[PDB]
Structures are given as structure tokens and as C-alpha cells.
Undergrad: 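Take this structure, written in C-alpha cells, and hold onto it; I'll ask about it next.
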Amino acid sequence: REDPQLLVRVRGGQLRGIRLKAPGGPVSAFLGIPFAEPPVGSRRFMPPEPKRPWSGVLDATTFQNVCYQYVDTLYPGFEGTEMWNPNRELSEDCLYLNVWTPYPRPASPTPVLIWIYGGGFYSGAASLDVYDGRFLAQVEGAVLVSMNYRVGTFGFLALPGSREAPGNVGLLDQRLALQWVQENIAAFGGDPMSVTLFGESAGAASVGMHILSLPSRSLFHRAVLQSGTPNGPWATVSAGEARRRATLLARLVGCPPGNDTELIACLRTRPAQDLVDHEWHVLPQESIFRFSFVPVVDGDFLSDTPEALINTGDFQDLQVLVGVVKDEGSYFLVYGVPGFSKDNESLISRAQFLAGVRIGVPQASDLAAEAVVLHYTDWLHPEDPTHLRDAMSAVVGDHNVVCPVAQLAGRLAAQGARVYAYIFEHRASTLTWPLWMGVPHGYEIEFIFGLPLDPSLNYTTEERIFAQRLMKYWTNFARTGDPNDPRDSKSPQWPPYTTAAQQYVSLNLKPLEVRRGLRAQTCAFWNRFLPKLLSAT
Amino acid sequence: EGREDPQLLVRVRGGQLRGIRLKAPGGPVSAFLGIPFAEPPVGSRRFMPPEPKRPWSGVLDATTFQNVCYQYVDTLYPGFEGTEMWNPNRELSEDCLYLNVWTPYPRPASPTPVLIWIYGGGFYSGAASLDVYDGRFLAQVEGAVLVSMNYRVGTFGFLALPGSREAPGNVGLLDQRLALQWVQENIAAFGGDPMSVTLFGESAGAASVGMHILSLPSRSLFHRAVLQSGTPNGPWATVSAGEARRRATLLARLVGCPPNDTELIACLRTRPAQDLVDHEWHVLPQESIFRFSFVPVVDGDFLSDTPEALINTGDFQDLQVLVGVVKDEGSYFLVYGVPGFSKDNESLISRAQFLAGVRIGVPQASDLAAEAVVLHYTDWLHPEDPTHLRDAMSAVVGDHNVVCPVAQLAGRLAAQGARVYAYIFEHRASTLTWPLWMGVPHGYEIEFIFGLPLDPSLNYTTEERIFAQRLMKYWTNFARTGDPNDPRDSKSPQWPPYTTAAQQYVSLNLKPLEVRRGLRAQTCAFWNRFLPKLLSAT
Ligand SMILES: Nc1ccc2c(c1)c(-c1ccccc1)[n+](CCCCCc1cn(CCNc3c4c(nc5ccccc35)CCCC4)nn1)c1cc(N)ccc21
Ligand SMILES: Nc1ccc2c(c1)c(-c1ccccc1)[n+](CCCCCc1cn(CCNc3c4c(nc5ccccc35)CCCC4)nn1)c1cc(N)ccc21
Ligand SMILES: *[C@@H]1O[C@H](CO[C@@H]2O[C@@H](C)[C@@H](O)[C@@H](O)[C@@H]2O)[C@@H](O[C@@H]2O[C@H](CO)[C@@H](O)[C@H](O)[C@H]2NC(C)=O)[C@H](O)[C@H]1NC(C)=O
Ligand SMILES: *[C@@H]1O[C@H](CO[C@@H]2O[C@@H](C)[C@@H](O)[C@@H](O)[C@@H]2O)[C@@H](O)[C@H](O)[C@H]1NC(C)=O
Ligand SMILES: *[C@@H]1O[C@H](CO)[C@@H](O)[C@H](O)[C@H]1NC(C)=O
Ligand SMILES: *[C@@H]1O[C@H](CO)[C@@H](O)[C@H](O)[C@H]1NC(C)=O
């Protein structure tokens with residue numbers, strides 16, 4: 001006997017899902033659905049091709065392979081690093097998606113939530129414990145979709161203008177999963193006419209790039225950008241910079257033994273790990289929060305720079321939820337700034353702070369880095385190691401996340417979008433990173449996905465109530481484009497972010513608190529002053 | 001003699017003097033007003049260093065104030081007390097090198113600490129005869145010997161053709177140095193202690209005090225110093241030899257003198273004093289506020305290097321300094337040249353009027369530097385709010401010109417061995433006629449330090465009279481000991497020395513002393529550390 005709730009016919013054929021246990025009851029999971037032809041051999045660096053139909057019933061009960069990527073070995077065996085690392089076999093044959101739906105399958109078309117993972121476009125997988133759609137599906141009755149997209153050289157190595165390596169193919173893999181949803185989600189009880197994209201870090205940048213690319217705009221209705229944006233210093237590169245890095249890596253892998261075709265063909269003959277081995281050696285400077293192969297401003301997927309597109313685009317019929325964590329740049333420091341460690345309090349000297357600023361803002365001139373140091377120094381306690389340590393974290397998170405987010409929020413708002421902004425300030429009771437790291441980058445995700453609801457994970461009762469609140473904000477947003485509950489009449493209400501009032505809310509254990517101005521003075525420094533300083537260079 | 005008051009007859013190196021017995025609220029004071037300290041700097045002596053006054057015969061009458069040095073008379077708000085109080089109160093003349101002395105009546109039996117006042121007025125104006133500089137209260141109430149002198153201002157005191165013999169520049173500073181030498185020689189005749197001389201001044205007067213700190217020949221003439229809302233460093237207190245040469249040459253052209261220096265200077269000497277005054281303001285390089293045409297020059301003589309170089313490298317080990325600012329240093333300057341500003345309206349300005357004003361307020365700033373200023377002083381929550389824009393314009397002028405040069409000075413002096421005490425004067429006189437938006441303007445602490453509230457006829461409050469008394473004690477305890485704290489009083493909040501480590505200063509208001517940390521620390525790091533690096537690279 002077969003469970004009819006576990007049998008779905010999609011355009012490509014039949015699938016068999018698995019009944020999964022969530023705290024409050026069962027869910028139907030369809031894991032490892034292929035959405036594209038495996039991008040192997042001659043297909044490496046090429047745009048994805050739709051998956052060909054299959055015979056019989058395809059087993060969709062387990063997560064599929066994780067896209068070929070670099071594996072972090074900074075703190076081996078440490079939960080804090082390991083949780084972000086591949087949890088399935090690495091393979092170039094990784095173009096699969098996952099679907100979680102209520103059990104039984106909803107009777108009416110249900111709003112769809114599509115998750116796009118982060119990991120600096122060099123890493124990530126939709127199989128990670130913190131991306132588990134189980135809770136959202138069970139508790140909120142949502143149809144949750146997550147896909148794997150190619151990362152690193154495989155997803156973003158580009159020789160701009162070539163046919164064989166046009167770049168942005170990882171973004172195309174995501175666009176193909178979005179098309180798959182339009183064509184097949186109704187078979188799972190999902191509403192193709194109510195699709196919300198959500199992502200964190202590189203995932204949030206990806207969401208933004210789908211907002212700014214016209215062929216993606218017909219595939220979703222609302223968007224959520226958690227601690228990431230399409231604009232900013234790390235999310236994109238120029239055609240020139242991508243060409244430079246691709247040519248250098250090819251040179252590094254003894255490739256060619258000339259023409260775009262010749263070079264790409266020889267890169268295709270190379271074992272996956274050979275490309276990963278040299279991936280990090282193509283960065284122009286010693287840096288942090290910089291990734292070798294990221295989306296390219298090609299004049300195709302991205303018709304112009306995200307900055308140009310956000311300044312001139314029409315976002316009238318768009319709803320966006322944007323926000324940041326309390327300590328965006330804290331973890332980045334243990335990956336390359338001398339004096340920083342997870343194992344000590346990381347109390348730094350002034351000299352170490354100045355050195356760290358050159359690493360944190362690698363594009364900055366001597367004058368620009370001096371402007372940064374002078375702005376982030378506490379002139380009452382300018383040598384205080386704690387202030388210097390926290391100022392170093394603030395430099396990295398403001399430059400890379402907070403102020404690009406502030407910039408996106410403002411431009412979207414001014415150009416017709418309905419924007420809701422937040423600051424996530426709750427540190428998980430379960431967190432293993434030091435106290436000095438505060439609420440690091442990515443540690444709100446487990447709360448949005450509702451992991452505290454699993455009693456085995458040992459979160460507090462308040463954290464379980466808080467996770468439930470977040471799941472409601474996110475799904476009310478997916479449902480209506482407003483994170484506020486239409487039933488709840490004693491709130492306080494989450495107001496839209498506007499250029500005039502600059503209103504955002506604090507997300508913590510306490511009830512919603514409304515704040516105005518997202519690091520307004522400091523972001524005027526990054527967004528208004530620093531460009532004028534580098535434009536007169 | 002024989003029938004005169006024997007307490008009013010004193011001999012100085014120059015000859016005999018007759019003073020006057022004045023009434024102070026608490027009792028009488030001796031006053032010796034209009035004592036000549038130099039040969040009248042007229043004719044061929046115009047632009048020349050002062051010469052010591054030759055001895056006179058008979059009893060020189062020292063019962064009235066003497067002539068005010070030739071200067072521009074402010075006609076912005078005619079008949080208005082707010083402007084008029086700063087204006088000459090005696091006849092204008094180039095024969096103005098006179099000093100005043102106030103002592104207790106009867107004269108002290110033992111050597112008394114001396115306080116020497118140096119007036120402000122952007123080195124273009126001022127007089128030691130102004131009501132707010134009245135030494136009678138300090139003399140009566142604190143038993144102090146108070147001296148104030150006239151020094152040449154404008155072209156007469158500071159027009160220089162650097163390197164020339166006929167117009168070397170800084171002669172107004174030399175007039176001040178000559179009055180300090182006069183005190184060393186003659187103050188003991190009035191009961192004053194030449195071995196305990198404290199200089200005090202406000203605005204250009206405070207800058208003058210600082211220049212005496214930085215000029216070795218003045219250092220032997222005083223022991224302690226008070227710099228109220230002014231410093232030798234900063235954008236307005238000095239000019240380069242090049243800039244002074246440019247302005248003197250242009251002024252000569254504007255009055256009919258065609259440029260060799262001897263010929264030029266000789267011609268300038270043939271010109272009516274009023275003709276120079278009528279063209280004084282036309283030599284400024286840009287439309288500006290808080291900029292004065294003829295100020296001290298970096299000559300490599302009086303000033304061996306720039307005040308900035310001198311404060312960064314000097315040894316101040318055996319020096320005690322009292323420094324401070326008022327709450328609204330730049331507020332009044334805006335009604336003298338920033339469009340949208342008036343004493344008669346609330347001065348609520350637009351963003352465009354703020355951007356325009358920043359260019360007038362920071363005239364030496366490039367487009368990028370002016371942009372850095374605007375971005376720093378804008379409230380990005382309410383960037384178009386007229387009240388914030390108005391107050392930000394005042395803060396730009398006050399911080400650039402006073403607060404941050406003062407902060408720079410306090411830090412450098414402290415790091416280089418000086419004993420520094422810093423303050424913020426936040427009390428607005430109940431009697432003030434300037435609008436409320438101006439807050440505590442530049443120079444409105446003076447009347448409190450001099451103890452004018454003690455005169456009941458001036459209609460100050462009882463709290464203001466108690467407050468004036470507190471200030472007079474801080475200042476005179478500082479003059480006496482180099483510490484503004486009373487050794488008799490105990491908590492009685494202590495005024496701590498300002499240090500690089502703790503950056504401690506006090507609030508001077510009607511409430512008891514409150515200790516604060518950092519003098520506009522973030523903002524002054526912008527002006528003192530960042531902006532120079534922006535103009536050194538662009
Ligand atoms: N082997 C080798 C050789 C040379 C270099 C490098 C590696 C690396 C490097 C890249 C990744 C991990 C470790 C090291 N960097 C890059 C260093 C910058 C930091 C990159 C980085 C590393 N990670 C970790 C990813 N995992 C996490 C993720 C998230 N949160 C987290 C919170 C805590 C800890 C880890 C988290 C949320 C989003 C998902 C990823 N995120 N960004 C270089 C920079 C140069 N200029 C030169 C040479 C190298
Ligand atoms: N006739 C004419 C022609 C051309 C110009 C000017 C005048 C003037 C000008 C100077 C003084 C008064 C009125 C106008 N400036 C303005 C520059 C300086 C004005 C700033 C100033 C004015 N005052 C008044 C002096 N008295 C005061 C003093 C103090 N506080 C005060 C508080 C309120 C009112 C007056 C105060 C502190 C102590 C000393 C003097 N002190 N500083 C120009 C700037 C240009 N760029 C170009 C041309 C001119
Ligand atoms: C904080 O730690 C860093 C890293 O040191 C490592 O982690 C420590 C907790 C401990 O296990 C050390 O032995 C490890 O080396 C310190 O910086 C390094 O210090 C070592 C000497 O101990 C030196 O050889 C390395 O070059 C340094 N590396 C870097 C990146 O700076 C740092 O000094 C520690 N800070 C404090 C406040 O103690
Ligand atoms: C304030 O005043 C400025 C100067 O205008 C003059 O003074 C005012 C008080 C009137 O008497 C007027 O007739 C004079 O011309 C103006 O430039 C400025 O715009 C005014 N600001 C406001 C907010 O009213
Ligand atoms: C939760 O706590 C219990 C009891 O201490 C422990 O046995 C269990 O392993 C913990 N679970 C996790 C996920 O750490
Ligand atoms: C003091 O007050 C009286 C009474 O109102 C008034 O006539 C006099 O002119 C005032 N004097 C001053 C200096 O304000």
C-alpha cells in the first residue's frame with residue numbers, strides 16, 4: 001500500500017515524498033526533486049537546462065547532493081562552523097529542490113515561501129538543519145520550497161561576452177527553480193499566484209537580484225532580504241573584474257597549456273576540487289567579506305549595476321521585508337583579522353584596529369581608511385580594547401550589510417515599494433560562539449524557520465514563543481505583503497519603513513518596539529560621504 | 001598737593017599719578033585710568049613697534065579713561081544695546097597706548113596677585129574702558145590688583161609687510177608686551193605682586209594670551225594664563241607672511257598707494273586713519289564670517305612658527321592654564337553675514353541656506369571639505385528641519401572657530417606638561433537682549449567674571465549675583481594659586497584638572513559644579529584630526 005498524500009504528478013512525472021514528524025503533527029516532504037539537467041561535463045559554467053521527463057515514480061524522500069564547494073576547516077569539529085558545512089555528498093550534479101507541505105495536502109491554494117540560502121555565493125545547501133521547512137508547513141500551513149544553486153567557480157566563473165561561460169549561472173539555477181514552482185507547485189496545493197522569496201546573506205543578495213532582473217519578476221510577488229542586498233561591496237563584480245579572476249584561476253590550474261572557448265574548454269577538463277583549491281587565490285587584496293566568484297554585471301541578467309538599478313527602478317507594485325542582526329560583522333573577524341579569535345575575548349590594540357580596517361574595507365585608500373578609523377574611534381576611550389574590538393565588528397557589518405540594507409530600504413521606499421524593516425537582537429541561548437560576537441550573521445534563521453519548537457533542541461520557552469511570533473510575521477507577510485496580524489488588535493503594529501520617518505522594529509523577546517533611523521548618521525557616512533571620497537581619487 | 005586724598009597719589013617709572021576713589025557696591029576702590037605706557041604711535045610711528053613712554057613732569061591726571069585705538073564702529077543694529085556695548089565709549093585716536101589699574105582702597109599692605117585683562121574684538125576692535133571690563137568689583141570683593149591696557153587694532157596694530165623694518169607686523173601684540181613690562185616694573189607701587197601675574201582675555205584677547213604663552217620674550221612677564229573663548233591656533237587668529245603681504249598691498253592700492261616696501265609704508269602713513277578703516281574689510285579673500293583682515297602674522301620673530309606647530313612641540317611643564325567656551329560660540333556671527341539669519345526673527349533656515357552658510361562659515365574649505373561638514377552636522381532623521389539647520393549652522397561656526405581649537409589647545413598643553421582647567425559656560429544672562437535662539441553668545445560670560453551682577457542698578461537676579469561671586473572666586477583662586485578651587489571649601493564640588501586620559505571639564509551655570517568628560521570629542525576629532533588630512537591630500 002502507498003500513501004496517496006505522498007504521491008504527486010509533476011510535469012516531469014511521478015514523485016514519492018516522505019511523511020515527516022513535526023512537533024504539532026505530520027508534514028509531507030518532497031526532497032531531492034531534480035529541476036535541471038545535471039550541469040556536468042560540457043554543461044559546467046553553462047546556463048541550466050530544464051530536467052528531462054522520467055519514467056516511474058522518482059524517490060523524493062532524501063536530500064540530494066550539495067553543490068561542489070569549499071569546506072570550512074577553521075574550527076574542525078566545532079558546531080558553530082560545522083552547521084554551515086555540507087551535510088550531504090559534494091557533487092556537480094546538485095540541481096535539486098525540496099518542497100514541504102501540510103499533511104494532508106491543503107484543500108485550497110496556499111501561499112508559497114521560497115528559501116534561497118547564503119554562503120557568499122561560494123557555499124551553502126538547502127539541506128542544512130536551520131533551513132528545515134517542517135515547522136513553517138505544520139504550524140503555519142505554508143508550502144515551503146528550497147533549491148540548490150551552483151556556487152563558486154561552478155555557479156559564477158564568467159568570461160563576460162562568451163557563450164560557454166556567460167556568468168550568473170547560479171542565479172539562473174535559482175530562476176529555473178522559480179519557473180518550476182510556477183509550473184508545478186499547484187500539484188502540492190501551493191498557490192503559484194502567491195510566491196514569496198526569502199533569503200539570508202548571499203541568499204538575500206540573490207532575492208534582490210531577482211527583483212532587479214525583469215525575467216524573474218513574473219515568478220514571484222513579494223520578497224524578504226535578511227542581512228544581504230544586491231547593492232554593496234561584495235554582492236557583484238564588474239565584467240572586467242570577473243574576466244580578471246577567471247583568467248587568473250585558469251592560469252593557476254595550468255589552463256590553457258588565448259581564446260574564450262579554448263580557456264573554458266580546458267577549465268571543463270579539470271576535476272572540481274582543482275578549481276576549489278585555487279578559488280581563494282584570485283582575490284585582489286587581503287580581505288574579509290569578499291568572495292571570488294559572485295554575480296557579474298553582465299548587461300544581461302543584470303542590465304546595469306544594482307546601485308544604478310535600485311536608484312532608477314519602478315517598485316510600485318512590490319512588497320519587501322528587509323533587516324539586519326545586532327552583530328553583522330562579528331564572525332567575519334575570526335576569518336582574517338589579526339587579534340581576533342572565538343577562544344579569547346579578542347581585545348585589540350589601536351594598531352590592530354587600523355590594520356583590521358584595511359582588511360575590512362579593502363577597496364579603501366589611505367584617506368578613506370583614515371575617515372573610517374576617525375569615525376569609529378570613541379575619542380573619550382580611543383585606546384580601549386573593548387571599544388576597538390566592537391568598532392571593528394561595526395565597521396565590517398555597517399560597510400557590508402547595515403548600510404547597503406539602509407540604502408536599499410530607502411531607494412525601494414522612495415520608488416513605490418511597500419517596505420518593512422527590522423533589527424534582530426536576540427542571541428540564541430544555545431549559541432556556542434563567544435559572547436563578544438553578540439547576535440552573529442545568520443543566527444536569526446533558526447528562529448524564522450521555527451527550530452525552537454523542537455523540544456530536543458533545548459531552546460527556552462520564551463524562544464519557542466518568540467520563534468512562533470517570527471513565523472507569523474514572515475507568513476503574514478507572504479500571505480498579504482504586511483507582517484501584521486489582521487486578527488491581533490493589541491500589538492503594537494509594525495509600521496512600513498519610509499524615507500520621511502525611517503521606521504523599523506526591534507525583534508527580540510520583548511514586544512515589538514518601533515525605532516527611527518537605521519544607523520542614520522553612520523550610514524550617511526558610508527552611503528553619502530565615502531563614495532564622494534573615492535570619486536575624487 | 002596737601003589737600004588731596006593721600007591714597008590716590010602714586011609714583012611710577014614715568015612720574016607722578018593721581019587716581020580716583022571709585023564706589024563699588026561693597027566699598028571704595030582706587031582707580032588709575034589712562035596711564036600712558038608708550039610714546040603715542042602717531043605719524044612716522046604708525047605701524048612701528050611701540051616705544052616706552054618718556055617720563056613726564058608734574059602729577060599726571062589718571063582719573064578718566066583715555067582714547068580708544070582707531071577702529072571700525074559697528075552699525076549693524078544702530079542704538080541696540082547688544083551691539084553698542086562693544087563699541088568705543090571714548091574718542092577714537094591713534095594716540096591710545098594707555099593702561100588702567102584698579103586696586104583695593106586703601107591699597108594692599110602686602111604684595112597682591114595681579115590680573116591683566118586683554119580685550120577681544122577680532123584684533124580690529126575693542127577698548128579696555130568698556131563697562132563689562134570694569135575692574136572695580138574684582139578689586140573690591142577679591143582684593144585683586146586688576147590691570148587692563150589698550151593695544152592697537154586693525155591696520156594700525158597688525159598691517160604687516162613681512163621682512164620690512166617700517167611695518168614688521170604684530171605691533172598690537174608688542175603694545176600688550178610693553179604693558180606687561182610696565183606691570184613688572186611699576187605694579188609694586190600699587191601693592192601688586194610682579195611675581196604673581198595672571199593674564200586673562202576673551203576671543204582675540206584669549207588668542208593674544210596664547211600668543212604670549214608661545215613667544216619666549218613674553219614668558220618672563222606672567223606666571224598663569226586664562227583663555228576665554230579664543231586660542232592662538234585656529235582658522236582666524238593668525239595669517240601667514242604671504243597672506244599678510246597680500247592684504248597690506250591690496251589695502252595700499254585701495255587707498256592710493258602704489259607698490260619697494262619703504263615707499264608703500266610711507267604712503268600708507270600719509271593717509272587719514274579713517275581712510276584705512278573705510279577699506280579694512282575689502283581685503284578678505286572670500287565672503288566669510290569669523291575672519292578678520294589684520295591679525296597676528298607668522299613672522300618667524302614674535303611667532304617663531306605657526307601656533308599649531310608651537311603648541312604641538314612646546315614644553316609647558318611649569319604652566320597653569322584655565323580654558324573654556326560659552327554654550328553658543330557661533331550664534332551671533334551668523335547675523336553678520338549668513339543669509340536667512342537675523343536677531344529680529346527666529347532664523348529658521350532652509351537646507352539650501354545651510355549649504356550656503358557652511359561655505360561662508362568655513363571659507364577655506366574645498367567642495368569635498370564643505371561636503372564632509374554638511375554630512376556631519378545634518379540630522380539624517382530630519383535633514384530639512386529648519387530649527388536643526390539653524391542650530392547646526394551656529395555649531396559649525398562655533399566648533400570650527402572656538403570649541404575645537406580650544407579642545408586642541410587643552411589636549412596639547414595637558415600632554416606637554418601644563419596644568420589645565422577647562423569649563424563650559426552655560427548661563428544666559430536674564431538681562432540679555434539678543435534673541436533666545438542665540439543662547440549664550442560669544443562674550444556674554446565676561447560680565448559674570450568681572451562681577452557686574454553685584455551692581456544692583458544693573459537689574460541681574462539674586463542667583464546671578466551669587467553666581468558672579470562664585471566665578472570671581474574661581475578666577476582669583478586660579479590667579480592666586482594656579483588652581484580655581486577654594487582650599488577652605490570641601491565638596492563644594494571640586495574642579496578637576498583637564499587631562500588627555502580623562503578629558504574632564506566643568507559646567508559653569510546656576511547649579512553647583514558638574515564634571516563632564518570630553519570636549520565635543522567626536523566632532524572635534526572631525527575638525528582637528530580629519531579635516532586637516534582632507535585639505536593636506538585635497
Ligand atoms: N583555504 C583558504 C585559502 C586562502 C583564503 C581562504 C581559504 C579564505 C576562506 C574562505 C572561506 C572560509 C575560510 C577562509 N579567505 C576569505 C576570508 C574571508 C571570510 C570568508 C567567509 C567565511 N565564512 C564562513 C561561512 N559560514 C557561515 C555562514 C553564516 N553564518 C556564520 C556564522 C558564524 C560562523 C560561520 C558562518 C550565515 C550565512 C551562511 C554562511 N563566511 N565568509 C581568503 C581571503 C584572502 N584575501 C586571501 C586568501 C583567503
Ligand atoms: N562696512 C563693512 C564692509 C564690508 C564688510 C563688513 C563691514 C563686515 C563687518 C564687520 C564688522 C561689523 C559689521 C560688518 N564684514 C564681516 C566680518 C566680521 C564681522 C564679525 C564680527 C562682528 N563683531 C561685533 C563686535 N562685537 C562683539 C564682540 C563679542 N561679542 C559680541 C556679541 C554680540 C554682538 C557683538 C559682539 C565678544 C568680544 C569682542 C567683540 N565681532 N565680530 C565683512 C566680511 C567680508 N567677507 C567682506 C566684507 C565685510
Ligand atoms: C587571541 O587569540 C589569537 C589567536 O591565538 C590562538 O588562539 C588562542 C586562544 C590560543 O589558543 C593561541 O595559542 C592560538 O595561537 C592571538 O593571536 C595569535 O597569537 C599567537 C601567539 O599565542 C601568535 O603566534 C599568532 O601569530 C597570533 N595570531 C593572530 C591572528 O593574531 C591573540 O594574541 C589573542 N588575543 C588575546 C587578547 O590574548
Ligand atoms: C529673517 O530675516 C532675514 C533678513 O530680513 C530682514 O529682517 C527681518 C527681521 C525683516 O525686518 C525683513 O524685512 C528684513 O529684510 C531674512 O532674510 C530671513 O528670510 C528671515 N527668516 C525668517 C524665517 O523669517
Ligand atoms: C538536551 O539536553 C539533554 C539533557 O542535558 C541532553 O541529553 C541532550 O543531548 C541535549 N540536546 C542537544 C541537542 O544538545
Ligand atoms: C532696572 O529696573 C527699573 C525698574 O523697572 C528700570 O526703570 C531701569 O531702567 C532698569 N535698569 C536697567 C539697567 O535695566
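Worth knowing before you read on, the calculation uses all heavy atoms, side chains too, and leaves out hydrogens, waters and symmetry mates. Below, read A as the first sequence line, B as the second, and so on, with proteins coming before strands; counting in each chain starts at 1.
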Undergrad: Which distance, rounded to the nearest 0.5 Å, do you find between the OG1 of A:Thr499 and the CG of A:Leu412?
TA: 12.0 Å
Undergrad: Say whether, by atom type as modelled, one donor and one acceptor occur between the side chain of A:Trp494 and the main chain of A:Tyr504 under 3.5 angstrom.
TA: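 No, A:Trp494 side chain to A:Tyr504 backbone: no donor-acceptor pair under 3.5 Å.
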Undergrad: Less than 4.5 Å to any heavy atom of chain A: does that hold for the side chain of B:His382, its backbone, both, or neither?
TA: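 Side chain of B:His382 only, per the 4.5 Å heavy-atom cut-off to chain A.
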Undergrad: Please state whether the side chain, the backbone, both or neither of A:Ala501 comes within less than 4.5 Å of a heavy atom of chain B.
TA: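 Neither part, no heavy atoms under 4.5 Å.
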Undergrad: Counting heavy-atom pairs under 4.5 Å to chain B, which of A:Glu383, A:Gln502, A:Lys532, A:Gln521 comes out on top?
TA: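 Winner by heavy-atom pair count: A:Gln521.
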Undergrad: Looking at every non-hydrogen atom in both residues, tell me the closest pair between B:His388 and B:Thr378 and how far apart they are.
TA: NE2-C, 3.9 Å
Undergrad: Judged by atom type as modelled, is there a donor-acceptor pair below 3.5 Å linking the side chain of A:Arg389 to the main-chain atoms of A:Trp436?
TA: no
